[PDB]
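The data below hold one chain only, encoded as structure tokens and taken in the form deposited without the named molecule.
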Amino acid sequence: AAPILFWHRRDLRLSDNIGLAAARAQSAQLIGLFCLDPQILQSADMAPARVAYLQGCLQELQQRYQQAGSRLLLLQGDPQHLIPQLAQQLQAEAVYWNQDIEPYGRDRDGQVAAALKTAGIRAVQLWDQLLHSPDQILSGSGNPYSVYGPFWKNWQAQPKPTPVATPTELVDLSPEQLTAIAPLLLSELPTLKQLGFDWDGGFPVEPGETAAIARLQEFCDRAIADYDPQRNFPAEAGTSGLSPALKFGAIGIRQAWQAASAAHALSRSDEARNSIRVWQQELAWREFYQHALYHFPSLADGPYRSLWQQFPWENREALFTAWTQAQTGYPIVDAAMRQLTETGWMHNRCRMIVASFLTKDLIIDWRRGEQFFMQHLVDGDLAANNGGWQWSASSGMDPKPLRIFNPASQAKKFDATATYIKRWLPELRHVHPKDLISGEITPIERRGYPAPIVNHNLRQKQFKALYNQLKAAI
């Protein structure tokens, strides 16, 4: 026969899926597939929490396909070899999938498509994870943006796309078809343990399309009205917690935008309206960094701006280790690193703090931090993670004047009652917020909690010194 294969990667859902929907309009004999790529799975940069969330999403996706009328095929190996072989064995009319913004995915995709074309099989690659593709947002000169402000002005004025239809009444493969591909398929979805991973720390939102959709609806029904200023406080559960759902596409970007938009239209309060606009802004920042990675792939290599490619990083391994173990001696920093390693997620204000600390205070090539985050974030995303770390030094997009966060000021400002500190550092619940914020804790009262590993004031001067010396040297 002539079926269409839809290749899932970061769009683990059946609803509001551009590529899937396009494929369904061409054929009801729509068969989904997912390929466990060893280059990604065996990577030292893969986070156990991310594999757990992923596996959970795949489990639901298998059911969704089964309920729709067909199935989700599972494979383990090199994509440019296995996918074309599968398509050929199935005499596929075509293979569809949604475009990636990352160097690895785009290179791989080019190879799969070329392999498919050689086999005379049509490959269709459409945009799905962004409200607007990188090619849609350009300046009057037709160039990409490296400054947020102007990018937002353009992005904001663009007509927003709406959710597409969930495919239904699919036609499943026949025994003869199944026999032709048997050798390329895994008999069942491997469990996290079978893959060699273990995770028991939970998630910001349970895995799966259904849970993602439920969270979006719950958030936009209430919490979103207070997004601003609730978003600023790690102690408050003021954010959506949809990050992993967006990274793996458990939820569609158009559904997210539409839900927020409907909440804005339903609200009759100025403050709520503003809170919702602010949340929508977050989605814009998301596209700013994804577009940037797409337009400037070298960003993924490390410090982007020339000056920073030459920064004299001290790189004291011991300080890094202490940072990764939440033993810096800075309560606000340690409480954040603990939440990360224990739950695979961290409040954005905290990511900003620990990143600033690692780069400015510990003076360690921020790539070590970017890597550590990727090794632990359930929402670990190259575009966003790299954007965040380039941000800790203004070494990439949207650069700002040299600045160094003062852990104490941030803690006092965003966790005034030290509620968040105490939460993730229970062995310090007896200490007074006052001291947990200043980071000056008396030895006895400090019990086993380590003392500050660096003197902020001395580190601050050291960093500025190196910066200026290099700035001048240039």
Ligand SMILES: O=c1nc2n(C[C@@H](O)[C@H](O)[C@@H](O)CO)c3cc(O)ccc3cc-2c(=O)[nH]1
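The numbering used is simple: start at 1 and walk along the sequence shown.
The same protein also exists as the form deposited with the named molecule bound; that form is not shown, yet it is the one meant from here on.
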One residue of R254, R71, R368, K247 in contact with the named molecule, assessed in the bound PDB entry (non-hydrogen atom, 4.5 angstroms): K247
Contact residue in the bound PDB entry, from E206, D398, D100, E93 (heavy atom within 4.5 Å of the named molecule): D100
Heavy atom of each of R10, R50 and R108 within 4.5 Å of the named molecule in the bound PDB entry: yes
In the bound PDB entry, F34 touching the named molecule (heavy atom, 4.5 Å): yes
Residue contact check: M46 to the named molecule in the bound PDB entry, 4.5 Å heavy atom: yes
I40: touches the named molecule in the bound PDB entry, heavy atom cutoff 4.5 angstroms: yes
Heavy atom of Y104 within 4.5 Å of the named molecule in the bound PDB entry: yes
Contact stretch among 50-58, 435-443, 416-424, 23-31 - heavy atom within 4.5 Å of the named molecule in the bound PDB entry: 50-58
